[PDB]
């Protein structure tokens, strides 16, 4: 059982970090990331895209001056490796931000074009940019936050959550102490919402998640985003948060829209960067920042 703050504790600090978010950084990474023919987890394509992503993560670390922050691959039985970046804090209580890094063309997995721009390139560059801004905080970069923060870039999600399955099963076996896990998977498609006359929102998924953490996630969005929430269910274990839930860890999941208004282009050649609304992924950047910072600095977790 894990419990959370009732209201945000660091509004001033987080609002100031939010000003350092740079909308252009999403596109600058997402454009070449989605130019891999696909990022299929069984393919040398997915191996190369994971290596490319690791270099982009490393560039941010080396640029940050954060001496103790690392990124390391996590090997699987398939060629594409997951990536775990760690910001060590004073305790081993760990906050995880997740996204998956593979893409797939369901009709032609090995050879088909799969730009995976919304699914899940949008979530990758969302948490990548929040990671960079988090490292501009001197306390975080010094290793001085109460809690440890990890950023997970899961391989093989399109095979059935295969990378996050390997990671959380190992974490569980080694008694890793994950106090919160936020998954972000598809953060850029708003056309489904606005086409129907609805206002742009953050979708909160309420199945296969922890009730207390999900309530905390709504607190984060109400404080640090400028668009409202909408609750939705997917009806199955639709992303890597379900791997955390499977091993008892508290997980939550923020989404681009109500589930029925999400991108109809996923898992095909049509999931392109032209479908992504970078003002919306900026809202997901704000919530990733606030979620990570508020929980990194919660002693009673």
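Residue numbers count along the first chain shown, from 1.
Taking the PDB entry as given, 61-69 carries the higher mean Cα B factor of the two stretches 61-69 and 263-271. Here 114-122 and 196-204 are compared by their mean Cα B-factor, and 196-204 comes out higher. The entry lists C-alpha B-factors for 82, 103, 173, 214, and the highest of these is at 173. The maximum CA B-factor among the listed residues 183, 187, 164, 91, taken from the PDB record, is found at 91.
Ranked by C-alpha B-factor against the other modelled residues of its chain, residue 281 falls in the lowest third. In the PDB entry, residue 234 places in the middle third of its chain by CA B-factor. The PDB entry assigns residue 78 a C-alpha temperature factor belonging to the highest third of its chain's modelled residues.
Among the modelled residues of the chain, residue 27 sits in the middle third by CA temperature factor in this PDB entry. Residue 178: CA B factor in the highest third of modelled residues in this chain (values from the PDB entry).
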